[PDB]
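Encoded as structure tokens, the structure appears first; notes follow it.
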Amino acid sequence: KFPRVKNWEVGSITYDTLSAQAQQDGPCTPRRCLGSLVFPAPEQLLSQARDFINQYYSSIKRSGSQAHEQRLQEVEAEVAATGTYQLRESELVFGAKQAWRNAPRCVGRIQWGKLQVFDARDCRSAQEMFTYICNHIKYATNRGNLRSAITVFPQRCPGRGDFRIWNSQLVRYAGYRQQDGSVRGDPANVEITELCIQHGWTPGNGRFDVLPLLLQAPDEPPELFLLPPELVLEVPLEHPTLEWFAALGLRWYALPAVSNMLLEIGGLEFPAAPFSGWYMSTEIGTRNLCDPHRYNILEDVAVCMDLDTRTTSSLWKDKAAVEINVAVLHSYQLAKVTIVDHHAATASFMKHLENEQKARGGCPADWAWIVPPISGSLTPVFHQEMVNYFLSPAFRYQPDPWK
Amino acid sequence: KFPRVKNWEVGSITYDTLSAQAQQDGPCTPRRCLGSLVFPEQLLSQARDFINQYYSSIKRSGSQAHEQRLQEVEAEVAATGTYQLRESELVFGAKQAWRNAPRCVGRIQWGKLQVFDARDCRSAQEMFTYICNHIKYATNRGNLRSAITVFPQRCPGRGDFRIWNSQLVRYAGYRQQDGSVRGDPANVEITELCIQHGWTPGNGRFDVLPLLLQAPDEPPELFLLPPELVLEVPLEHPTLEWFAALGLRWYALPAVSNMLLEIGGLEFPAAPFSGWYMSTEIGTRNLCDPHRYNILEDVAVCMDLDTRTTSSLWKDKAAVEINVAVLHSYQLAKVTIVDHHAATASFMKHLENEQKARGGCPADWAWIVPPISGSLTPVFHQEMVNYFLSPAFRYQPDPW
Ligand code: HEM
Ligand code: HEM
Ligand SMILES: N=C(Nc1ccc(CCNCc2cccc(NC(=N)c3cccs3)c2)cc1)c1cccs1
Ligand SMILES: N=C(Nc1ccc(CCNCc2cccc(NC(=N)c3cccs3)c2)cc1)c1cccs1
Ligand SMILES: C[C@H](O)[C@H](O)[C@H]1CNc2nc(N)[nH]c(=O)c2N1
Ligand SMILES: C[C@H](O)[C@H](O)[C@H]1CNc2nc(N)[nH]c(=O)c2N1
Ligand SMILES: [Cl-]
Ligand SMILES: [Cl-]
Ligand SMILES: [Gd]
Ligand SMILES: [Gd]
Ligand SMILES: [Zn+2]
């Protein structure tokens with residue numbers, strides 16, 4: 001038997017047959033579930049490459065064709081001669097889309113088929129890397145009409161260091177570890193800020209200072225590049241009916257572009273493959289602005305809203321958090337920057353689940369990450385049971401290049 | 001082998017060593033996590049294990065009385081096939097089963113539980129008296145007190161005491177000739193049973209259901225709850241004067257009556273327990289779930305919210321004011337209730353106490369994090385380990 005999966009809003013029942021294809025292992029055992037944790041060789045290369053090629057040729061409905069066999073033979077011969085192999089361009093595009101499709105913590109996978117894949121596997125230097133990244137930022141920002149993209153830098157290979165982007169995203173605000181223990185700017189970026197200053201960046205002193213990019217070419221210390229200010233589209237935050245909100249001087253950036261994850265395709269590894277989509281509004285409104293360990297503006301806003309913050313039972317937190325999220329959505333819509341609210345995102349994810357059940361017999365999904373951080377049970381994904389497992393091609397965490 | 005558990009708000013680290021004592025097996029494997037699923041004469045070994053637990057907790061470990069109790073239960077099961085709990089063992093086993101319940105955010109309170117020993121019960125008319133005394137004690141005119149009543153255990157060659165209702169207080173669910181449900185859709189099945197067993201149905205959205213109590217080997221008998229025994233809170237809102245006219249209400253006492261209590265290999269299919277509500281249970285789940293009363297759009301219409309675009313966050317604004325109404329209405333009626341911020345702060349304290357007490361604490365993140373304002377509560381940022389300890393409250397098949 002395969003896991004029986006139930007939607008409790010509808011009563012409907014599916015079986016996740018796809019999970020039985022899970023290659024790598026997760027952190028859970030029959031004795032204990034660790035699903036809530038944030039952080040969970042010629043012959044082994046070949047069976048991963050074979051499986052990936054099988055996936056490619058299924059996607060185009062040419063399984064068992066002559067072209068399928070020849071390509072498997074081709075990969076085998078290259079691995080036997082060199083210990084490794086090169087993806088065809090079409091396989092790279094397919095592999096990056098599958099990795100997105102396979103990502104269990106991504107609620108935006110209804111879009112997985114619409115992904116611009118920039119092939120930067122011929123990149124030679126940190127300077128050319130910066131050029132690829134600027135072109136990515138320009139294409140994806142598209143002056144507010146955001147377009148999903150990934151740029152794939154050269155694969156890891158023996159006898160040469162990795163390409164790495166040290167920043168966790170292409171656009172990050174500085175976090176200045178103030179001496180009195182506190183932080184000015186984004187506390188999530190204190191470490192990368194200190195590394196940037198360490199490498200000669202002249203720091204600012206604001207709360208929304210865009211960080212430079214620390215770019216690492218093989219066997220080279222990271223190099224500092226400043227993003228052209230006209231390349232970094234930002235949204236000033238205001239609230240549709242709370243006019244004093246604008247005076248908080250809050251901003252956020254248009255483009256979420258994760259740059260520190262490793263892309264794995266057919267046993268090949270791409271330690272530098274930054275990817276971007278668009279924001280779901282709770283990421284900015286609830287997490288980035290109201291996490292106690294982030295900008296932590298909740299109490300300041302509620303006090304401005306004249307709420308009774310002396311008792312929890314007034315729900316001043318819930319009320320201020322809702323208005324902050326309203327401000328984010330209003331501000332991005334006003335600026336004409338693509339953004340999706342958590343209701344539409346989770347509804348579209350529910351559609352994705354139904355498509356994937358028909359297409360592949362299941363969908364790896366991490367409930368705790370799919371359910372938005374406010375209003376969870378008001379969205380349909382709350383009531384959907386979900387099976388979490390690791391498929392390849394995949395986006396993976398990897399150690400920071402300085403640790 | 002000891003899982004590392006991190007709090008991402010504070011950056012603190014602990015190690016759950018208690019998980020190594022997980023007796024049963026959950027649904028997860030290294031291949032796939034099923035954590036989000038709602039439903040995941042060796043009696044001696046379990047009986048042995050619980051006794052050791054007991055005497056260890058009272059610092060009587062391996063003492064004279066320890067070995068004596070051990071040898072008593074061996075004779076009982078040899079003579080009868082089962083054994084009898086001492087009243088103190090039963091109290092300790094009830095408290096431990098609550099303390100071990102991974103999905104309970106209310107466990108800061110676990111040492112304060114009134115155990116009613118109903119194991120001398122026979123016939124459903126007596127069940128009903130035990131239950132009514134439970135309901136009366138636990139309600140306490142609104143100053144709610146946690147309690148469990150423990151009816152006779154299952155044994156071979158003989159039926160079971162079962163409470164057919166999932167809770168002692170449930171509103172009726174009446175299906176309509178247009179398919180819809182007037183009342184609580186969660187209770188459409190027990191409502192048709194109550195009718196099929198003679199109950200005159202109401203026609204209201206908050207008709208309190210009768211109790212279908214079942215003594216062993218007999219059909220269940222309908223018992224009507226004295227309306228003065230069932231404390232109910234009419235729902236009003238502190239500033240939205242029209243909210244009261246919606247006619248919403250809920251009941252004071254959450255009393256779960258369909259779970260099985262397991263202690264030392266013994267099984268009590270009828271052991272209703274009650275505490276008090278966390279406000280999001282009523283204001284978010286019971287009233288705003290699509291498959292329950294589903295009142296969200298009604299409230300948003302009364303608030304004159306723009307309901308044609310999700311991005312107005314009309315669902316979020318309506319949900320908050322409904323939870324406000326619940327908190328205001330219970331406090332105004334002097335019925336104990338806890339908001340999700342106070343409860344999750346208390347559960348965090350419980351986690352620290354349990355870390356020091358036992359080296360960990362089984363917790364089901366998906367159920368501990370509230371259904372609104374998740375990341376505004378500290379539990380959201382707390383990694384958790386889920387595992388099954390005994391004594392335990394377990395799900396069980398419906399009697400029919
Ligand atoms: C197109 C619009 C998209 C939306 C609205 C979206 C939404 C989200 C959200 C809300 C998260 C959780 C982030 C967090 O809480 O830190 C997430 C995670 C993730 N997203 Fe998507 N995403 C989109 C596109 C993409 C694309 C284009 C890719 C890759 C090609 C991608 C891959 C991932 C991955 C791998 C994760 C997991 C990251 C982790 O484990 O930390 N997403 N996404
Ligand atoms: C004292 C105040 C208490 C509060 C505020 C509280 C709160 C909660 C909440 C919010 C849930 C989730 C229920 C749901 O979402 O359906 C829960 C579950 C649970 N509670 Fe507590 N509870 C309390 C007392 C108790 C007591 C006295 C017991 C037993 C002696 C108990 C045993 C359980 C169990 C076994 C579950 C799991 C239910 C399931 O898996 O369906 N709780 N509690
Ligand atoms: N950074 C840490 N913790 C940590 C914090 C957050 C995350 C999650 C990373 N998420 C950023 C992200 C990922 C994926 C999507 C988004 N948001 C988006 N909408 C998109 C980004 C790209 C395409 S869509 C944001 C992981 C570890 C650590 C502290 C100490 C050691 S590691
Ligand atoms: N039973 C179902 N599913 C299901 C639904 C809810 C739960 C959770 C149990 N709900 C009642 C409950 C349990 C525990 C605590 C509370 N609330 C309380 N605050 C307390 C109750 C007793 C002491 S505290 C409510 C489990 C399974 C089904 C639906 C349709 C067919 S079967
Ligand atoms: C402890 C817990 O795993 C952690 O706070 C998770 C919960 N769910 C999440 N879900 C999303 N989308 N993003 C997150 O950062 C987190 N954090
Ligand atoms: C599918 C999912 O497991 C289900 O909806 C769970 C999620 N978390 C929950 N948490 C609580 N407290 N109560 C619930 O009923 C649920 N339902
Ligand atoms: Cl972000
Ligand atoms: Cl309830
Ligand atoms: Gd105004
Ligand atoms: Gd009106
Ligand atoms: Zn698990």
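Here, A, B, ... name the chains of the structure tokens in the order displayed, residue numbers run from 1 inside each chain, and ligands are numbered from 1 in the same displayed order.
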
- Message: For a quick test of understanding: name the residues of chain A lying within 7 Å of chain B when counting only C-alpha atoms, and present them as a PyMOL selection string.
- Response: chain A and resi 9+19+22+25-37+292-293+312-315+318-319+322+326+329+341+343-344+367-368+373-377+385-389

- Got a sec: who's within 6 Å of stretch 123-126 of chain B, counting only C-alpha atoms, leaving out chain neighbours fewer than 2 positions off, as a PyMOL selection string? chain B and resi 128-129+213-215

- Of the candidates A:243, A:194, A:323, A:283, which one gets nearest to residue A:298 if we count only C-alpha atoms?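 The shortest atom-to-atom distance to residue A:298 comes from A:323.
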
- Residues within 9 Å of residue A:192, only C-alpha atoms, excluding chain neighbours under 6 positions, as a ChimeraX atom specification: /A:166-168,174-175,211,214

Only C-alpha atoms, please: the residues just picked out, written as an mmCIF file, in the first residue's frame.
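File produced: again-v5.cif:
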data_model
loop_
_atom_site.group_PDB
_atom_site.id
_atom_site.type_symbol
_atom_site.label_atom_id
_atom_site.label_comp_id
_atom_site.auth_asym_id
_atom_site.auth_seq_id
_atom_site.Cartn_x
_atom_site.Cartn_y
_atom_site.Cartn_z
ATOM 1 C CA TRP A 166 28.011 34.033 -1.011
ATOM 2 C CA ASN A 167 24.790 36.044 -0.583
ATOM 3 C CA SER A 168 21.649 34.066 0.247
ATOM 4 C CA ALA A 174 22.239 45.146 5.251
ATOM 5 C CA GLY A 175 22.128 44.178 8.898
ATOM 6 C CA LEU A 211 24.064 44.647 -0.030
ATOM 7 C CA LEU A 214 30.228 38.595 -3.000
#

- Message: Distance limit 10 Å, reference ligand 10, atoms considered: only C-alpha atoms and all ligand atoms. Which residues make the cut? Give them as a ChimeraX atom specification.
- Response: /B:242,301-304

- Item | From A:325, A:333, A:309, A:111, residue lying nearest ligand 3 [only C-alpha atoms and all ligand atoms] | A:111

Dump as a Markdown table the rows for residues of chain B within 9 Å of ligand 4: closest atom pair and distance in Å with one decimal, only C-alpha atoms and all ligand atoms counted, ordered by chain and rising residue number.
| residue | atom | partner | partner_atom_place_in_ligand_line | distance |
| --- | --- | --- | --- | --- |
| B:38 | CA | ligand 4 | 27 (C) | 6.5 |
| B:39 | CA | ligand 4 | 27 (C) | 7.4 |
| B:103 | CA | ligand 4 | 14 (C) | 8.0 |
| B:104 | CA | ligand 4 | 15 (C) | 6.9 |
| B:105 | CA | ligand 4 | 19 (N) | 8.6 |
| B:106 | CA | ligand 4 | 24 (S) | 7.1 |
| B:146 | CA | ligand 4 | 23 (C) | 7.0 |
| B:147 | CA | ligand 4 | 23 (C) | 8.1 |
| B:148 | CA | ligand 4 | 23 (C) | 8.8 |
| B:166 | CA | ligand 4 | 11 (C) | 7.4 |
| B:167 | CA | ligand 4 | 11 (C) | 7.1 |
| B:186 | CA | ligand 4 | 29 (C) | 6.4 |
| B:187 | CA | ligand 4 | 30 (C) | 8.6 |
| B:189 | CA | ligand 4 | 31 (C) | 8.8 |
| B:253 | CA | ligand 4 | 21 (C) | 7.8 |
| B:254 | CA | ligand 4 | 21 (C) | 4.4 |
| B:255 | CA | ligand 4 | 22 (C) | 4.6 |
| B:256 | CA | ligand 4 | 22 (C) | 5.0 |
| B:257 | CA | ligand 4 | 22 (C) | 8.5 |
| B:258 | CA | ligand 4 | 1 (N) | 8.8 |
| B:259 | CA | ligand 4 | 13 (C) | 8.7 |
| B:272 | CA | ligand 4 | 22 (C) | 8.0 |
| B:273 | CA | ligand 4 | 22 (C) | 5.3 |
| B:274 | CA | ligand 4 | 23 (C) | 3.6 |
| B:275 | CA | ligand 4 | 23 (C) | 3.7 |
| B:276 | CA | ligand 4 | 19 (N) | 5.1 |
| B:277 | CA | ligand 4 | 19 (N) | 4.0 |
| B:278 | CA | ligand 4 | 19 (N) | 5.7 |
| B:279 | CA | ligand 4 | 19 (N) | 8.7 |
| B:281 | CA | ligand 4 | 17 (N) | 6.9 |
| B:395 | CA | ligand 4 | 26 (C) | 7.9 |
| B:398 | CA | ligand 4 | 32 (S) | 8.8 |

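With only C-alpha atoms and all ligand atoms as the atoms that count, the residue of A:178, A:311, A:384, A:282 with the shortest distance to ligand 7 is A:282.
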
- Message: 9 Å from ligand 1 is the threshold here; counting only C-alpha atoms and all ligand atoms, which polymer residues fall inside it? Answer as a PyMOL selection string.
- Response: chain A and resi 38-39+96-112+114-117+146-150+256-258+261+263+274-283+287+339-342+345+369-370+372-373+394-397

- Find the distance between atom CA of residue A:24 and atom CA of residue A:55 and write it in Å to one decimal. 16.6 Å

- Message: Residues near residue A:360, anyone? I mean within 9 Å using only C-alpha atoms, not counting same-chain ones fewer than 6 positions away, as a PyMOL selection string.
- Response: chain A and resi 16-18

Writer output for current selection, N, CA, C and O atoms, as an mmCIF file, in the first residue's frame:
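Written output follows (result-v2.cif):
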data_model
loop_
_atom_site.group_PDB
_atom_site.id
_atom_site.type_symbol
_atom_site.label_atom_id
_atom_site.label_comp_id
_atom_site.auth_asym_id
_atom_site.auth_seq_id
_atom_site.Cartn_x
_atom_site.Cartn_y
_atom_site.Cartn_z
ATOM 1 N N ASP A 16 -0.577 8.470 -2.622
ATOM 2 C CA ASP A 16 0.661 9.034 -3.160
ATOM 3 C C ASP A 16 1.547 7.865 -3.565
ATOM 4 O O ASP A 16 2.325 7.333 -2.771
ATOM 5 N N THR A 17 1.405 7.443 -4.820
ATOM 6 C CA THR A 17 2.296 6.428 -5.362
ATOM 7 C C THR A 17 3.655 7.003 -5.743
ATOM 8 O O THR A 17 4.627 6.245 -5.840
ATOM 9 N N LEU A 18 3.754 8.316 -5.949
ATOM 10 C CA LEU A 18 5.030 8.901 -6.362
ATOM 11 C C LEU A 18 6.079 8.826 -5.247
ATOM 12 O O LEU A 18 7.277 8.677 -5.523
#

- Separating atom CA of residue A:182 from atom 26 (C, counted along the ligand's line) of ligand 3, to the nearest tenth of an Å, is a gap of 21.6 Å

- Message: Among stretch 121-370 of chain B, which ones does DSSP assign to strand (DSSP E) (computed from the backbone)? Answer as a ChimeraX atom specification.
- Response: /B:147-150,162-163,173-175,181-183,211-214,221-223,232-234,249-251,255-256,260-263,266-268,273-274,277-278,337-338
